[PDB]
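One chain follows as structure tokens, the form deposited in one PDB entry.
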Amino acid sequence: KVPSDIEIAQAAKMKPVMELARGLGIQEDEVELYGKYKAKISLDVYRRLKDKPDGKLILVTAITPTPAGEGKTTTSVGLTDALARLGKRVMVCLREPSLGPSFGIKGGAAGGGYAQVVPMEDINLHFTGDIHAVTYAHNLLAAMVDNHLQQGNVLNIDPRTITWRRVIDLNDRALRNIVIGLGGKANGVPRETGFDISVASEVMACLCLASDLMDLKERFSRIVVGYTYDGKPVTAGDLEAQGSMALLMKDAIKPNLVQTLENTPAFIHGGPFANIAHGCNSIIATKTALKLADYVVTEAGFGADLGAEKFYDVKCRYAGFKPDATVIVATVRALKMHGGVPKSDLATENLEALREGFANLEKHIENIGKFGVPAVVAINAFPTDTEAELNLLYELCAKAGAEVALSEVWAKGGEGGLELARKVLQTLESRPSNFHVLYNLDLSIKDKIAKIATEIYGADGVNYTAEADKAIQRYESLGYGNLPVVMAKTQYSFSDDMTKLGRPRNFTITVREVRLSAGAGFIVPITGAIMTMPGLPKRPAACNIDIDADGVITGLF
């Protein structure tokens, strides 16, 4: 039956977004069209609706990711569509993908099968230009740092201490480690630096956490770019770059209105990393959506150990949100992997490995409970699952105190989400959340790291390299010790060992390096090497991509 994803998206019948906007009560003068199927919405909408009550907030997350796949964004869109079919006034908020993966391995739908947000091609490529804005704001700041050095280095920056790198939204490993400023005294100051992928930009994290354009500007001014020869921090504010950065971002600060295949309205805005940042879409989008709709579905990157924790402990903390429910997406195949089944043997029924791997899901369920939010499990249907596997999984979920629903939104769209949506609505009606963040900001950096590691990951404790120790001590000294902590860890395990699937016990986390994102406003302890600039593969999708005289595009998906 089910066609390909880009085939689905082509056949979609989209409504002009201006109709969707007026439907939400957005005014014609608050809408800036980019063609008829995308628009940017003014932050005036939030402002004039500021005192209206917020709708219900539903976070979508998942179990620990595996080679088998779990179907998270599909579930988000699918849930949204199901709620809409049930007559609810609902929006979904999602992240904008990086352009780079399209030319490497991907791209793919924002969702999958009959649960997508569209127009798909635009979303994956330039979209409404937000990532270009991020790239240029970021690179303007770098240009200004370098120029400052060139013009006599009045601030007395030690160039060898500059932490502000450059960015580009392509997978280019050759830009990871470079030396710039060569050619003699007319051409700058020789120095060691490199590029990260644009979506890894602190500027991106800033956008996603800012309340408005003036807040974004303030955050920009606090960005630490390096140190003086005496060891004092130097900021973007010190270089007077924040006004120009803000200006470059004056349209990017607006969320982008688009829609599902079933024409349910959707915002796509921002898209940070989920290891060195918090892996959520913008506060601006979510807060606007909550005034416009009675129900808002959003998601966070990686498993619930990373994305959900940071959704709660960073985004919600800054925004004042109080999530009402949380859906945890899981699959039979993924859980079997967590119970030791290799990828090649996942179709074979194995109730014992499913029982064992469920320990992964159980721990995520427990963890969501620690923030005082009620949890509902969404089981992404797959053709090879047996009834016996599914029934065991349902019984294990009920034993764990969680509602569970089979989701077939991939194949059946919103119709496939009705059971999940109803379980969510029953949860919202009978188990009000009692949301609270996991940790108080006035704890020490180590105390905060240990709360997260021991309570969420199940680690025994946390070890530190000498370099991590010195970094922590300096940041505490410079006055950055009361910030949130953003753990950069493998997503593939509760531990910092990617080979420890399931629910590992008797392990310790090792923090090797600690970095500062002073603009986004958090500390970033790092457990293993983090790939801030992925590379292209032997055979990049770019080689197979074409477009013909009729504008038909092959090789993209």
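Numbering starts at 1 and runs along the sequence shown. Throughout, rigid core stands for the largest set of C-alpha atoms superposing within 1.5 Å between the two forms.
We do not show the form deposited in another entry, though everything after this point is about it.
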Checklist entry - Of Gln242, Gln259, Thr73, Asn171, which is the single residue whose C-alpha shifts by 2 angstroms or more between the shown form and the other one after core superposition? => result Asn171
Checklist entry - Core aligned, does the CA of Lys185 move at least 2 Å between the shown form and the other one? => result yes
Checklist entry - Has the Cα of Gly23 moved 2 Å or more between the shown form and the other one, judged after a core fit? => result no
Next on the checklist: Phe103: after superposing the rigid core, is there a C-alpha shift of 2 Å or more between the shown form and the other one?
Outcome noted: yes
Item to check | Sense of CA distance change between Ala109 and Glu96 in the other entry, threshold 3 Å | outcome: closer
